Amino acid sequence: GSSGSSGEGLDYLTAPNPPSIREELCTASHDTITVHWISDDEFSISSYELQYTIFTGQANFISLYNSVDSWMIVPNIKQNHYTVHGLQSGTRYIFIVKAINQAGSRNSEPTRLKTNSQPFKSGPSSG
């Protein structure tokens with residue numbers, strides 16, 4: 001990913017810039033996942049919002065995504081990585097970081113993430 005030298009900056013603030021959910025930085029644990037979101041301008045953002053939901057294969061992505069109200073939300077996020085607790089081993093989980101500022105909010109693209117088989121074994125395990 002050769003880095004470049006260019007600056008534009010969306011003169012518009014009506015809406016908070018969309019965050020970049022890094023999959024290389026994000027981690028997956030037995031029943032815990034740590035999603036990492038990188039942003040260039042988060043000064044306006046008064047607070048971040050995390051939205052995660054279990055993915056199995058609903059009739060249609062639209063149907064589910066439709067009743068977002070159901071989706072889980074965890075406000076009070078003032079970091080660049082929030083560890084979600086209360087998941088299931090070996091299960092799909094879609095995360096969506098929505099930046100919120102004085103203007104409005106910006107929903108980022110859905111980032112699919114899976115957890116690890118099982119947690120660390122205590123006892124029967126050699127390497």
# chains A, B, ... in the order shown; residues from 1 in each chain; ligands from 1
>>> residues_around(residues="residue 53 (chain A)", least_positions_apart="4", cutoff="7 Å", atoms="only C-alpha atoms", output="ChimeraX atom specification")
/A:71-72,93-95
>>> atom_distance(atom1="CA of residue 29 (chain A)", atom2="CA of residue 64 (chain A)")
24.9 Å
>>> residues_around(residues="region 7-15 of chain A", least_positions_apart="4", cutoff="12 Å", atoms="only C-alpha atoms", output="list in words")
residues 19, 40, 41, 42, 43, 44, 45, 98, 99, 100, 101, 102, 103, 104, 105, 106 and 107 of chain A
>>> write_last_selection(atoms="N, CA, C and O atoms", output="mmCIF file, in the first residue's frame")
data_model
loop_
_atom_site.group_PDB
_atom_site.id
_atom_site.type_symbol
_atom_site.label_atom_id
_atom_site.label_comp_id
_atom_site.auth_asym_id
_atom_site.auth_seq_id
_atom_site.Cartn_x
_atom_site.Cartn_y
_atom_site.Cartn_z
ATOM 1 N N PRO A 19 -15.754 6.186 8.764
ATOM 2 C CA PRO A 19 -14.593 5.496 9.335
ATOM 3 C C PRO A 19 -14.143 4.316 8.481
ATOM 4 O O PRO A 19 -14.907 3.802 7.664
ATOM 5 N N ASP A 40 -9.386 9.789 9.520
ATOM 6 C CA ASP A 40 -8.476 10.898 9.257
ATOM 7 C C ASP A 40 -8.899 12.142 10.034
ATOM 8 O O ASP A 40 -8.057 12.885 10.538
ATOM 9 N N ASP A 41 -10.205 12.362 10.124
ATOM 10 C CA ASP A 41 -10.739 13.516 10.838
ATOM 11 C C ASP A 41 -11.838 13.093 11.808
ATOM 12 O O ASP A 41 -12.982 12.879 11.408
ATOM 13 N N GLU A 42 -11.482 12.976 13.083
ATOM 14 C CA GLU A 42 -12.438 12.577 14.109
ATOM 15 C C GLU A 42 -12.567 13.655 15.181
ATOM 16 O O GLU A 42 -13.021 13.388 16.294
ATOM 17 N N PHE A 43 -12.162 14.873 14.838
ATOM 18 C CA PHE A 43 -12.229 15.992 15.772
ATOM 19 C C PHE A 43 -13.674 16.433 15.988
ATOM 20 O O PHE A 43 -14.078 16.747 17.107
ATOM 21 N N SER A 44 -14.447 16.456 14.907
ATOM 22 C CA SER A 44 -15.846 16.862 14.977
ATOM 23 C C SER A 44 -16.688 15.796 15.672
ATOM 24 O O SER A 44 -17.593 16.112 16.445
ATOM 25 N N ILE A 45 -16.384 14.534 15.390
ATOM 26 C CA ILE A 45 -17.112 13.422 15.989
ATOM 27 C C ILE A 45 -17.149 13.543 17.507
ATOM 28 O O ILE A 45 -16.116 13.462 18.172
ATOM 29 N N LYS A 98 -20.508 3.619 13.083
ATOM 30 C CA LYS A 98 -21.177 4.827 12.616
ATOM 31 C C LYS A 98 -20.712 6.047 13.404
ATOM 32 O O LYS A 98 -21.041 6.201 14.580
ATOM 33 N N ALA A 99 -19.945 6.913 12.748
ATOM 34 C CA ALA A 99 -19.438 8.121 13.387
ATOM 35 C C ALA A 99 -20.551 9.144 13.589
ATOM 36 O O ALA A 99 -21.388 9.345 12.709
ATOM 37 N N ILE A 100 -20.554 9.785 14.752
ATOM 38 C CA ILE A 100 -21.564 10.788 15.068
ATOM 39 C C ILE A 100 -20.920 12.106 15.484
ATOM 40 O O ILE A 100 -19.996 12.128 16.295
ATOM 41 N N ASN A 101 -21.417 13.204 14.922
ATOM 42 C CA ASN A 101 -20.889 14.527 15.235
ATOM 43 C C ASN A 101 -22.021 15.534 15.414
ATOM 44 O O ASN A 101 -23.198 15.177 15.357
ATOM 45 N N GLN A 102 -21.656 16.793 15.633
ATOM 46 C CA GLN A 102 -22.641 17.852 15.821
ATOM 47 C C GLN A 102 -23.586 17.935 14.627
ATOM 48 O O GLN A 102 -24.757 18.286 14.773
ATOM 49 N N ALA A 103 -23.071 17.609 13.446
ATOM 50 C CA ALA A 103 -23.869 17.645 12.227
ATOM 51 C C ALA A 103 -24.843 16.473 12.174
ATOM 52 O O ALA A 103 -26.049 16.646 12.344
ATOM 53 N N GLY A 104 -24.311 15.277 11.936
ATOM 54 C CA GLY A 104 -25.148 14.094 11.864
ATOM 55 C C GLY A 104 -24.377 12.820 12.149
ATOM 56 O O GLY A 104 -23.574 12.768 13.079
ATOM 57 N N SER A 105 -24.623 11.790 11.345
ATOM 58 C CA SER A 105 -23.949 10.508 11.519
ATOM 59 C C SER A 105 -23.663 9.858 10.169
ATOM 60 O O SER A 105 -24.371 10.095 9.190
ATOM 61 N N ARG A 106 -22.621 9.034 10.124
ATOM 62 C CA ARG A 106 -22.240 8.350 8.896
ATOM 63 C C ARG A 106 -22.033 6.859 9.145
ATOM 64 O O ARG A 106 -21.120 6.461 9.867
ATOM 65 N N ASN A 107 -22.890 6.039 8.543
ATOM 66 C CA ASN A 107 -22.802 4.592 8.701
ATOM 67 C C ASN A 107 -21.784 3.999 7.731
ATOM 68 O O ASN A 107 -21.918 4.137 6.515
#
>>> closest_residue(among="A:92, A:78, A:22, A:85", to="residue 117 (chain A)", atoms="only C-alpha atoms")
A:92
>>> select_by_dssp(residues="chain A", states="strand (DSSP E)", output="MDAnalysis selection string")
chainID A and resid 20:29 32:38 45:55 72:77 81:85 92:101 105:107 111:114
>>> atom_distance(atom1="CA of residue 75 (chain A)", atom2="CA of residue 96 (chain A)")
12.6 Å
>>> select_by_dssp(residues="region 48-98 of chain A", states="alpha helix (DSSP H)", output="PyMOL selection string")
chain A and resi 61-66
>>> write_last_selection(atoms="N, CA and C atoms", output="tab-separated table (two decimals), in the first residue's frame")
chain	number	residue	atom	x	y	z
A	61	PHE	N	-30.36	-10.12	3.04
A	61	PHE	CA	-29.63	-9.10	3.78
A	61	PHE	C	-30.50	-7.87	4.02
A	62	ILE	N	-31.30	-7.51	3.01
A	62	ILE	CA	-32.18	-6.35	3.11
A	62	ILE	C	-33.15	-6.51	4.28
A	63	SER	N	-33.90	-7.60	4.28
A	63	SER	CA	-34.87	-7.87	5.33
A	63	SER	C	-34.29	-7.53	6.70
A	64	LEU	N	-33.24	-8.24	7.08
A	64	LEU	CA	-32.59	-8.01	8.37
A	64	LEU	C	-32.16	-6.56	8.52
A	65	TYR	N	-31.22	-6.13	7.67
A	65	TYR	CA	-30.73	-4.76	7.71
A	65	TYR	C	-31.88	-3.77	7.84
A	66	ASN	N	-33.05	-4.16	7.34
A	66	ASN	CA	-34.23	-3.31	7.40
A	66	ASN	C	-34.59	-2.98	8.84
>>> closest_residue(among="A:57, A:4, A:110, A:119", to="residue 32 (chain A)", atoms="only C-alpha atoms")
A:119
>>> closest_residue(among="A:113, A:87, A:25, A:50", to="residue 38 (chain A)", atoms="only C-alpha atoms")
A:25
>>> closest_residue(among="A:36, A:86, A:76, A:115", to="residue 49 (chain A)", atoms="only C-alpha atoms")
A:76
>>> atom_distance(atom1="CA of residue 81 (chain A)", atom2="CA of residue 121 (chain A)")
26.0 Å
